[PDB]
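Trainee: Compute the structure for the input listed below.
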Amino acid sequence: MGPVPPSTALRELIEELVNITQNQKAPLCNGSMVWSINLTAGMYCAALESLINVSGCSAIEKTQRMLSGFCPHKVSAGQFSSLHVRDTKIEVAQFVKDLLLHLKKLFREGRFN
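Mentor: Numbers count the residues shown, from 1 in each chain. Coordinates below:
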């Protein structure tokens, strides 16, 4: 069987992300907040580096693997690409929700990253 197609991976990613945030009573991480990013064609690469700032949260380790599948960006806790602007940090729960609108959005155009 060949790898999972791109559109199929997005649906798998959207369904899994929704499942862990819909049944969440409180922030999955210890209230960890992440830097806001501009949602653009490089959402997976930009979103990944912002998450590299969250450690100890197993609930998102799988998310990190799936996001990498869309962005071969090996980012280290020392290398940063989108955190150039001095924006404010936001709760991870809100970060996923804001990203969720864009995830299903590319599905309508079928243009995956």
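Trainee: how about the helices in the chain?
Mentor: Ranges of helices in the chain, per DSSP state H, are 6-22, 43-51, 61-70, 92-109.
Trainee: so what does the last one touch, helix or strand wise?
Mentor: Identification of packing neighbours for helix 92-109 by 3 or more C-beta pairs under 8 Å, 6 or more residues apart in numbering; DSSP states H and E yields helix 6-22, strand 33-35, helix 43-51. All C-beta atoms are positioned from the backbone trio N, CA, C, and that covers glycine.
Trainee: Need the contact partners of that helix.
Mentor: For helix 92-109, the surrounding residues in contact (C-beta atoms under 8 Å, 6 or more residues apart in numbering) are 7, 10-11, 13-14, 17-18, 21, 24, 27-29, 32-34, 36, 39, 43, 47, 50, 54, 57, 60, 90, 112-113.
Trainee: what's the spacing between that helix and its chain's center?
Mentor: Average the C-alpha atoms of helix 92-109, do the same for its chain, and the two points are 9 Å apart (C-alpha atoms, centre = their mean, to the nearest Å).
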